[PDB]
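Student: Pasting start_28.cif below, which is mmCIF, C-alpha atoms.
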data_final
#
loop_
_atom_site.label_atom_id
_atom_site.label_comp_id
_atom_site.auth_asym_id
_atom_site.auth_seq_id
_atom_site.Cartn_x
_atom_site.Cartn_y
_atom_site.Cartn_z
CA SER S 22 135.74 115.48 107.84
CA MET S 23 132.83 115.24 110.09
CA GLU S 24 130.79 117.36 107.59
CA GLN S 25 131.43 114.64 104.85
CA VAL S 26 130.25 111.94 107.26
CA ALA S 27 127.08 113.84 108.06
CA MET S 28 126.33 114.26 104.33
CA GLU S 29 127.01 110.54 103.91
CA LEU S 30 124.55 109.67 106.70
CA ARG S 31 121.85 111.89 105.05
CA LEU S 32 122.46 109.97 101.73
CA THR S 33 122.15 106.70 103.56
CA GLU S 34 118.91 107.71 105.16
CA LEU S 35 117.52 108.96 101.82
CA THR S 36 118.52 105.54 100.39
CA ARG S 37 116.51 103.82 103.11
CA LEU S 38 113.44 105.88 102.36
CA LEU S 39 113.84 105.41 98.53
CA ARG S 40 114.10 101.63 99.05
CA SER S 41 110.73 101.62 100.85
CA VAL S 42 109.28 103.90 98.09
CA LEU S 43 110.68 101.53 95.42
CA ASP S 44 109.09 98.54 97.15
CA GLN S 45 105.76 100.23 97.34
CA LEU S 46 105.84 101.27 93.65
CA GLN S 47 106.86 97.87 92.49
CA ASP S 48 103.91 96.31 94.35
CA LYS S 49 101.73 98.33 92.03
CA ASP S 50 103.12 96.16 89.14
CA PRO S 51 101.94 92.74 90.22
CA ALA S 52 102.30 91.42 86.63
CA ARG S 53 106.07 92.24 86.82
CA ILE S 54 105.87 93.98 83.44
CA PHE S 55 108.41 96.59 84.58
CA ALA S 56 110.63 94.32 86.71
CA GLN S 57 113.47 93.85 84.23
CA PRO S 58 115.04 95.61 81.18
CA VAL S 59 113.37 95.17 77.88
CA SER S 60 115.43 92.36 76.24
CA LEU S 61 117.27 93.44 73.04
CA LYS S 62 117.41 89.78 72.12
CA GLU S 63 113.55 89.77 72.09
CA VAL S 64 112.87 93.43 70.93
CA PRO S 65 115.94 94.02 68.75
CA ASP S 66 114.78 97.44 67.49
CA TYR S 67 114.03 98.79 70.99
CA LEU S 68 116.90 101.30 71.16
CA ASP S 69 115.82 102.82 67.84
CA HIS S 70 112.61 103.81 69.65
CA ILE S 71 113.58 104.37 73.28
CA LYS S 72 116.78 106.28 74.02
CA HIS S 73 116.94 105.84 77.78
CA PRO S 74 115.47 102.39 78.80
CA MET S 75 114.59 101.95 82.44
CA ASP S 76 113.15 99.21 84.70
CA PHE S 77 112.83 98.42 88.41
CA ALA S 78 115.91 96.13 88.53
CA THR S 79 118.07 98.84 87.03
CA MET S 80 116.70 101.39 89.60
CA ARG S 81 117.39 98.94 92.41
CA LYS S 82 121.05 98.62 91.29
CA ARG S 83 121.44 102.40 91.31
CA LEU S 84 119.70 102.69 94.66
CA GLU S 85 121.94 100.11 96.32
CA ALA S 86 124.99 102.00 95.14
CA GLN S 87 123.46 105.13 96.81
CA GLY S 88 123.23 106.56 93.34
CA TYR S 89 120.15 108.76 93.85
CA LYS S 90 121.18 112.10 95.43
CA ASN S 91 117.63 113.40 95.81
CA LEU S 92 114.03 112.32 95.18
CA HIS S 93 113.89 114.19 91.84
CA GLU S 94 116.55 111.83 90.36
CA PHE S 95 114.61 108.74 91.55
CA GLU S 96 111.35 110.10 90.15
CA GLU S 97 113.02 110.79 86.83
CA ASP S 98 113.90 107.10 86.49
CA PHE S 99 110.38 106.02 87.58
CA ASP S 100 108.83 108.32 84.99
CA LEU S 101 111.11 106.81 82.30
CA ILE S 102 109.66 103.39 83.05
CA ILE S 103 106.15 104.68 82.47
CA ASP S 104 106.86 107.09 79.67
CA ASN S 105 108.97 104.67 77.58
CA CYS S 106 106.19 102.04 77.79
CA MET S 107 103.49 104.53 76.78
CA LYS S 108 105.49 105.45 73.67
CA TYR S 109 106.55 101.98 72.46
CA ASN S 110 103.23 100.30 73.14
CA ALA S 111 99.82 101.26 71.83
CA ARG S 112 96.84 102.25 73.94
CA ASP S 113 95.02 98.98 73.44
CA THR S 114 97.83 96.85 74.97
CA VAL S 115 98.25 95.25 78.35
CA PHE S 116 101.66 97.01 78.53
CA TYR S 117 100.36 100.55 78.06
CA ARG S 118 97.46 99.92 80.39
CA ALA S 119 99.82 98.55 83.05
CA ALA S 120 101.90 101.73 82.81
CA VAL S 121 98.81 103.92 83.24
CA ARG S 122 97.79 102.00 86.37
CA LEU S 123 101.38 102.14 87.77
CA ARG S 124 101.52 105.88 87.14
CA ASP S 125 98.15 106.51 88.77
CA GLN S 126 98.85 104.34 91.77
CA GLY S 127 102.46 105.43 92.23
CA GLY S 128 101.44 109.14 92.30
CA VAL S 129 99.89 108.61 95.72
CA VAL S 130 103.08 107.01 97.08
CA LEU S 131 105.34 109.69 95.60
CA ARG S 132 103.14 112.51 96.94
CA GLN S 133 103.79 111.43 100.55
CA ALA S 134 107.46 110.55 99.83
CA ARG S 135 108.06 114.15 98.84
CA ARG S 136 106.48 115.39 102.09
CA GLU S 137 108.74 112.93 104.08
CA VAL S 138 111.89 113.96 102.25
CA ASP S 139 111.16 117.67 102.85
CA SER S 140 110.00 117.07 106.44
CA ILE S 141 112.97 114.91 107.66
CA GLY S 142 115.34 117.01 105.47
#
Can I see the file as structure tokens?

Tutor:
Amino acid sequence: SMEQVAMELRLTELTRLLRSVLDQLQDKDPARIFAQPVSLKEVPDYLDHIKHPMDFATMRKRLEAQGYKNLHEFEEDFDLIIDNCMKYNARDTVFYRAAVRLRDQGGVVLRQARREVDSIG
């Protein structure tokens, strides 16, 4: 149907905008602390602590499969990155502090993304 195509074009355009959002958020992690999944070879107990691991490479895979239907879903995954790190790592660590700075800086980006998503539809 033409209606299915139109919905598919809207998903494609959302995917374009989410890719640019993802790029912008990941620039706020210049240490690449959140670039890849926590390695279970190197942190073998991680899944005892963190039930839903997340990282920017894993988000990028989902994004490229057009797997985010709306901005809320994408933000959920970004918040997991931050929130998982702030639980596993203590306050006095470079990891925790990196998460705080990514959260604070990414808030700005996400604020205008929400306006763009609403605006363009």

Student: Residues proximal to (103.1, 96.6, 93.1) were defined as those with any atom within 12 Å of that point in the file's coordinates, counting all atoms listed in the file. Which are they, as a PyMOL selection string?

Tutor: chain S and resi 41-56+77+119-120+122-127+130

Student: Spell out the residues picked by the PyMOL selection byres ((chain S and resi 104) around 10) here, as a ChimeraX atom specification.

Tutor: /S:71,74-75,98-103,105-109,117,120-121,124

Student: Enter the distance from atom CA of residue S:138 to atom CA of residue S:35, in Å, rounded to one decimal.

Tutor: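 Interatomic distance here is 7.5 Å.
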
Student: Please, what distance in Å, to one decimal, runs between atom CA of residue S:61 and atom CA of residue S:112?

Tutor: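 Going from atom CA of residue S:61 over to atom CA of residue S:112 covers 22.3 Å.
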
Student: Mind giving me the straight-line distance from atom CA of residue S:29 to atom CA of residue S:97 in Å, one decimal?

Tutor: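 Separation between atom CA of residue S:29 and atom CA of residue S:97: 22.1 Å.
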
Student: List every protein, DNA or RNA residue that has an atom no more than 12 Å from (124.8, 103.7, 97.0) in the file's coordinate frame, counting all atoms listed in the file, and report them as an MDAnalysis selection string.

Tutor: chainID S and resid 29:37 39:40 80:90

Student: Compile the contact shell of residue S:59 as a count of residues only: residues with an atom at most 8 Å away, counting only C-alpha atoms, same-chain residues fewer than 3 positions apart removed.

Tutor: 5

Student: May I ask which of the residues S:57, S:111, S:96, S:91 is the closest one to residue S:79, counting all atoms listed in the file?

Tutor: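 Using all atoms listed in the file, the shortest distance to residue S:79 belongs to S:57.
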